[PDB]
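Presented below is the structure to which this report refers.
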Ligand SMILES: CC1=CC(=O)CC(C)(C)[C@@]1(O)/C=C/C(C)=C\C(=O)O
Ligand SMILES: CC1=CC(=O)CC(C)(C)[C@@]1(O)/C=C/C(C)=C\C(=O)O
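Protein chains in written order, with full-length UniProt numbering: chain A, 27 to 219; chain B, 27 to 219.
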């Protein structure tokens, strides 16, 4: 029947084992899900050579996904938008023609622990039951500093598609956006200001 | 009625004016098209800190688009594939679910001038009449060497879509793949071998 994910029990690509062992409790706490037979889930990681708060300042901007995500034509939150759990955004995504619309809900926002997450709750695309969580972590070794971002999701496998294609699609989207996040924040860190 | 494109008469993003003035004859020769009212066309550029042949070795691999393009699940050319004008490839693209299929024809392959191009001639997506050309150019200044890649396309604007969304879609795809090309070839150049 239902199962618990195992992301917190194996090393995700692009993470070292030493890094994983430092993150294993966070992965258990924030990146575990109970999933049903029609669902899949994945955990992706991205190392970033920038301080945590530099990365978090970008990651946390629910109303400006275009700043670290590809193919965002627009994102609207409506005036009086205040960043609070339950707020929603309408994203127009130009990954194809016509452009897709995704309505997304802010699920988590913890500025102290550097955790956020959202759920897709409308739109005209095929990803159903999509929910993701992103956490940001600082590392240090001999005075050197870096960040690891972890992003996991759960989603329904769409009718007529395999889990492997579903995971390949969502994994590729998340991985490429994490690479943009790394570039944007490493540029920020390099240039200071 | 029909018009000639003007890419060879203005500076595309990410190119310096000095670079453009060196490339203007190539842009006129390889990146100009006669287009009809229902069509749009764009020219994109990418500077790469690697020698021309390092970039060209990758650009020229019609059967391995996955090496510098995002979201390629597979590409099949069939046994006895020989790289000749008229050869075709079946690309499966995982930019959405279900994955798209594009059947593409090799239009140009000039290893001396570093020119290639392809036309989409089948599949189950919406891009109709898509044709692109890619050229690769070497620059030198005071012993320093770099490459510029130019990629242009012509495509039909799909029913119910604006030219601006059509250009935004194709421009973003091409720009992001040119960035992967730059990363892949700059890594190659940095590591030599
Ligand atoms: C890029 C794209 C293409 C689709 O077909 C679905 C949807 C529009 C939701 C999406 O924005 C997917 C976004 C995902 C998976 C994650 C994110 O944004 O963190
Ligand atoms: C990424 C993608 C999404 C689509 O919806 C159309 C198609 C499948 C053709 C495509 O491969 C487009 C590829 C383009 C424009 C250029 C290329 O490859 O040089």
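All C-beta atoms, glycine included, are put in the ideal place defined by N, C-alpha and C.
message: Taking the beta carbon of residue 36 (chain A) as the centre, do at least 16 other beta carbons fall within 10 Å, making it buried, or is it exposed?
response: Exposed: under 16 other Cβ atoms inside 10 Å.
message: If you reduce the DSSP assignment to three classes, tell me which class residue 37 (chain B) lands in.
response: Looking at residue 37 (chain B) - three-state DSSP - the assignment turns out to be coil, as it is neither helix nor strand.
- request: Measure the CB-CB distance between residue 162 (chain B) and residue 179 (chain B) and report whether it falls below 8 Å.
  value: For the 8 Å CB-CB criterion, residue 162 (chain B) and residue 179 (chain B) do not form a contact.
task: Consider the C-beta atom of residue 208 (chain A) and the heavy atoms of ligand 1; say whether any pair is separated by less than 7 Å.
output: Within 7 Å of the C-beta of residue 208 (chain A) there is not a single heavy atom belonging to ligand 1.
- prompt: Under the three-state reduction of DSSP, which class applies to residue 105 (chain A): helix, strand or coil?
  reply: Coil.
- prompt: Can you name the start and end residues of the alpha helix (DSSP H) that residue 130 (chain B) belongs to?
  reply: Element bounds for residue 130 (chain B): not the alpha helix (DSSP H) but the beta strand (DSSP E), 126-136.
message: residue 208 (chain B) and residue 98 (chain B) - do their beta-carbons sit closer together than 8 Å?
response: No; because the gap between Cβ atoms is not below 8 Å, this pair is not in contact.
message: Measuring only the C-alpha atoms, how far is residue 159 (chain A) from residue 165 (chain A)?
response: Distance from the CA of residue 159 (chain A) to the CA of residue 165 (chain A), rounded to the nearest whole angstrom, comes to 20 Å.
field: Own chain, CB closer than 6 Å to residue 62 (chain A), minus 5 neighbours either side, in chain order
entry: Excluding residues within five positions, the ones whose Cβ falls inside 6 Å are 28.
task: Rounded to whole angstroms, what's the CA-CA distance from residue 157 (chain B) to residue 91 (chain B)? Just pull it up for me.
output: If I take the Cα positions, the gap works out to 15 Å.
- request: Entirely within the stretch 139-198 of chain B and at least 4 residues each: give me those alpha helix (DSSP H) ranges in chain order.
  value: Runs of the alpha helix (DSSP H) inside the stretch 139-198 of chain B: none found.
message: Please tell me whether, using a cut-off of 7 Å, the distance from the CB of residue 125 (chain B) to the nearest non-hydrogen atom of ligand 1 is below it.
response: No, since every heavy atom of ligand 1 falls outside the 7 Å radius drawn around the Cβ of residue 125 (chain B).
message: Rounded to the nearest angstrom, what separates residue 206 (chain A) and residue 47 (chain B) at their Cα positions?
response: Computed Cα separation, rounded: 31 Å.
message: Between A:150, A:77, A:57, which has its C-alpha nearest residue 71 (chain A)'s C-alpha?
response: Per the Cα distances, A:57.
Collapsed DSSP secondary structure at residue 111 (chain A) in the structure displayed: In the structure shown, residue 111 (chain A) adopts coil according to DSSP, grouped into three states.
- prompt: Do you know how far the Cα of residue 142 (chain B) is from the Cα of residue 210 (chain A)?
  reply: Between residue 210 (chain A) and residue 142 (chain B), the C-alpha separation is close to 32 Å.
field: Residue-level contact to chain B via CB, residue 5 (chain A), 8 Å cutoff
entry: Outside the modelled stretch of chain A, which goes from 27 to 219, sits residue 5 (chain A), for which no answer is possible.
field: Distance, residue 65 (chain A) Cα to residue 188 (chain A) Cα
entry: Here the alpha carbons of residue 65 (chain A) and residue 188 (chain A) stand approximately 10 Å from one another.
- prompt: Around the C-beta of residue 88 (chain B), are 16 or more other C-beta atoms found within 10 angstroms, so that it is buried, or is it exposed?
  reply: Note on residue 88 (chain B): 16 or more other CB atoms within 10 angstroms of its CB, so buried under the neighbour-count rule.
- request: List in chain order: all unbroken beta strand (DSSP E) runs of 3+ residues lying wholly within the stretch 60-84 of chain B.
  value: Listed in chain order, the complete beta strand (DSSP E) runs (minimum 3 residues) inside the stretch 60-84 of chain B are 65-74.
- request: Can you grab the Cα-Cα spacing for the pair residue 32 (chain A) / residue 44 (chain A), in whole Å?
  value: Their backbone Cα atoms lie some 18 Å apart in a straight line.
message: Does any residue of chain E have a CB that is nearer than 8 Å to the CB of residue 184 (chain A)?
response: The chain labelled as chain E is not found among the protein chains of the depicted structure, namely A and B.
message: Please tell me whether residue 80 (chain A) and residue 215 (chain A) are closer than 8 Å, where the distance is taken between their beta carbons.
response: Yes; because the gap between Cβ atoms is below 8 Å, this pair is in contact.
query: Given that a residue counts as buried once 16 or more other Cβ atoms are within 10 Å of its Cβ, and exposed if not, what is residue 38 (chain A)?
result: With 16 or more other Cβ atoms within 10 Å, it is buried.
- prompt: Given residue 54 (chain B), which residues of its chain have a CB within under 6 Å of its CB, disregarding the five upstream and five downstream residues?
  reply: Result list for residue 54 (chain B): 34, in chain order.
C-beta neighbour in chain A for residue 191 (chain B), strict 8 Å: Yes, residue 191 (chain B) counts as interfacial toward chain A.
- request: Put residue 31 (chain B) into one of helix, strand or coil per three-state DSSP.
  value: Three-state DSSP puts residue 31 (chain B) in coil, outside helix and strand.
field: Cβ-Cβ separation, residue 129 (chain A) to residue 148 (chain A) (assumed contact under 8 Å), whole Å
entry: Between residue 148 (chain A) and residue 129 (chain A) a beta carbon distance of about 3 Å is seen, short of the 8 Å cut, so the two are scored as contacting.
query: Run through DSSP, which three-state label would residue 51 (chain B) get?
result: If DSSP states are grouped into helix, strand and coil, residue 51 (chain B) belongs with the helices.
message: Does the distance between the C-beta of residue 119 (chain B) and the nearest non-hydrogen atom of ligand 2 fall short of 7 Å?
response: Yes, ligand 2 has a heavy atom inside 7 Å of this Cβ.
task: Going by CA-CA distance only, name the one from A:185, A:176, A:186 that's closest to residue 68 (chain A).
output: With distances taken between CA atoms, residue 68 (chain A) lies nearest to A:176 out of A:185, A:176, A:186.
query: Who are the neighbours of residue 187 (chain B) on chain A, taking C-beta pairs under 8 Å?
result: Those within 8 Å of residue 187 (chain B) in chain A are 123, 124.
message: Going by C-alpha to C-alpha distance, which of B:116, B:190, B:40 sits closest to residue 144 (chain B)?
response: Checking every option, the nearest Cα to that of residue 144 (chain B) belongs to B:116.
- prompt: Of all the options A:186, A:185, A:191, A:86, which has the alpha carbon lying nearest to the alpha carbon of residue 138 (chain A)?
  reply: Distances from the alpha-carbon of residue 138 (chain A) to those of A:186, A:185, A:191, A:86 put A:86 closest.
- prompt: So is residue 204 (chain B) in contact with chain A if we call contact Cβ pairs under 8 Å?
  reply: It does not: the Cβ of residue 204 (chain B) has no partner Cβ on chain A nearer than 8 Å.
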